[PDB]
Every structure is written in C-alpha cells, then in structure tokens.
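J.:
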Amino acid sequence: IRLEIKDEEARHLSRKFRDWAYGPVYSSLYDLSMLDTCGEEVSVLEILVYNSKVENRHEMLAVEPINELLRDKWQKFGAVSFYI
Amino acid sequence: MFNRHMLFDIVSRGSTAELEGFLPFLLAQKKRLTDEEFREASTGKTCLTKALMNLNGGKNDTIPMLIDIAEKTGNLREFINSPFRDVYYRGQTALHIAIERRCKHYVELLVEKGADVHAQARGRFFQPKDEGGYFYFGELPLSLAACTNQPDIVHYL
C-alpha cells in the first residue's frame, strides 16, 4: 500500500504519490486500484471483511487508506441507508 | 517561438537561451507581458508566477529576466503585482509563492523591483478548514513567512 518507487521506470505501478507540498500540508495520493473494485470480480476490502478469519484483521483495517476509505462511503451511504 | 504555449513551457524548462530575442520581439508587435494573452485566462497565472512554481533547485534565471523584459515595457509595479484573477486561488501573487518555496534570494528581488507587500491572497483555498480551504495564514505575506517557520523573511520584511 505504501509503494513509492524512485527508479522512475517502474513508476507507472507505484502506489503512493505526492500531489502538492505547500509547506506544512502534504497531499498524498493512494490508488484505489483493487481496494474498491466497482465493476470487477472481488476486492481487497471484501476479503478483509468477508473471507479473512485471522485475528490480525482488526489491526489490518487500521492501515492508512482504508481508515479513510471506509469513511468515504460511510458519509455517502450511511445517512441515506439509515433514513430508508 | 512567437506564441504563448512555447513561452509558458520554456520558463518551466528553465532555459534562458531558448528565450532570446523576445524583448525585441515585444518591441515589434507592441505587446505587453500581461496584456491579454501572456497570462492564464482561467486563473491569471503569469510567466513570473509560473517561474516560481517549477524551480531548478530553487533557482530559475528567467526570474530576473522576466523582470528585465517587464522593465522595458514599464510594468514593474504591474508584472510583479498582478494577483490571480480566479476565485479558488484568488489574490495569490508571486510574492506569496516565493515566500512559500523559501526562495530567500528571490524574495529580496521582488521587493527591490517593486512589490506590493500588502497583497491579500483571499482565495477560497486560503480559507480555514471550516470555510472550505485547506490552509489559512491570514492572507498576508508577513504572516505567511511566520507560518512557514521562516523568520528569515520576517527579518527581511
């Protein structure tokens, strides 16, 4: 997940990016390549929840993008699905 | 070349030899550096503002040269003091950018040629997080230099 390669030829497969660095504020950029598979077979996040029976899944959800990726779709779908 | 797209590139390239003969070229076609077209129609980003974005180790030699070309046209208080014309990055000048990337050598160059100290970067980006912006510093370059953990501009201002 934290994959940023300096080699500049294996760059198109790098995962972490740096958008803009205006002083104190850094703008990182994570790819949702397999994290939220919209029209694909099966996702990373689905195996984190539906398939993995390992104890470490509590820690494994506490990685960087997924703590904010889950807050994305919660803010868009939580208030709507509750009101229904 | 004679167009704007060649000029906005080479400044980011930082090759002053590829910018030769343009000061007599403005004498021919009577054009100012910030007349209509050598400035972004969407934002207002000029050549000097583009020069401070893309840096070569924090050094671009076009920066005194763009002031030099502006001196012959007579826009030293205009080519430096032209803020952004957009809404999101509204009011940001080249003075705000040079303080931002800690070009202490280039901060001194702007004011001596004439720079408005009290230019306010009052854009929607420069709002606090409750208002929709990402970074707040009170819209002032003196306050900006204090916010960038740099007292060296603070001594200079």
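These protein sequence lines map, in sequence, to chains D and P. Going by the numbering used here, the final residue of the first sequence carries number 84, and the count climbs one at a time with no gaps. Going by the numbering used here, the final residue of the second sequence carries number 241, and the count climbs one at a time with no gaps. Using N, Cα and C, we set each Cβ at its ideal position, and we do this for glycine too.
#1: Can you pull the chain D residues whose beta carbon is under 8 Å from the beta carbon of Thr146(P), in chain order?
#2: So what does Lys16(D) bridge to, in DSSP terms?
#3: What residues in the stretch 182-211 of chain P have a beta carbon less than 7 Å from any beta carbon of chain D?
#4: Against chain P, which members of the stretch 42-71 of chain D pass a CB distance test of less than 7 Å?
#5: Any Cβ of chain D within less than 7 Å of the Cβ of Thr232(P)?
#6: Measure from the alpha carbon of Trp20(D) to the alpha carbon of each residue in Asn138(P), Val195(P), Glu215(P), then state which is nearest.
#7: I need the straight-line Cα distance from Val49(D) to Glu68(D), nearest angstrom please.
#8: What separation, rounded to the nearest whole angstrom, lies between the Cα atoms of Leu226(P) and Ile237(P)?
#9: The alpha helix (DSSP H) that contains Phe109(P), what's its start and end?
#10: Taking buried to mean at least 16 other C-beta atoms within 10 Å of its own C-beta, is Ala182(P) buried or exposed?
T.: Let's see:
#1: For the purposes of this step, residue 146(P) is identified with residue 62 of the second sequence, where counting begins at 1. Neighbours of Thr146(P) on chain D: none; closest Cβ ~22 Å, over 8 Å.
#2: The count along the first sequence starts at 1 and reaches residue 16(D) at position 16. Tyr30(D).
#3: Residues of the stretch 182-211 of chain P whose Cβ lies closer than 7 Å to any Cβ of chain D, in chain order: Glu184.
#4: Cβ contacts with chain P come from no residue of the stretch 42-71 of chain D.
#5: By one-based count along the second sequence, residue 232(P) stands at place 148. Closer than 7 Å to some Cβ of chain D, the Cβ of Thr232(P) qualifies, so yes.
#6: The residue you call residue 20(D) lines up with position 20 of the first sequence. Of the listed residues, the one whose Cα sits closest to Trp20(D) is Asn138(P).
#7: As a working mapping, residue 49(D) is identified with position 49 in the first sequence. As a working mapping, residue 68(D) is identified with position 68 in the first sequence. Cα to Cα, the separation comes out at about 16 Å.
#8: Indexing the second sequence from 1 puts residue 226(P) at position 142. Indexing the second sequence from 1 puts residue 237(P) at position 153. C-alpha separation (whole angstroms): 8 Å.
#9: For the purposes of this step, residue 109(P) is taken as the residue at position 25 of the second sequence. Element bounds for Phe109(P): 106-112.
#10: For the purposes of this step, residue 182(P) is taken as residue 98 along the second sequence, with counting starting at 1. Per the 10 Å Cβ criterion, buried.
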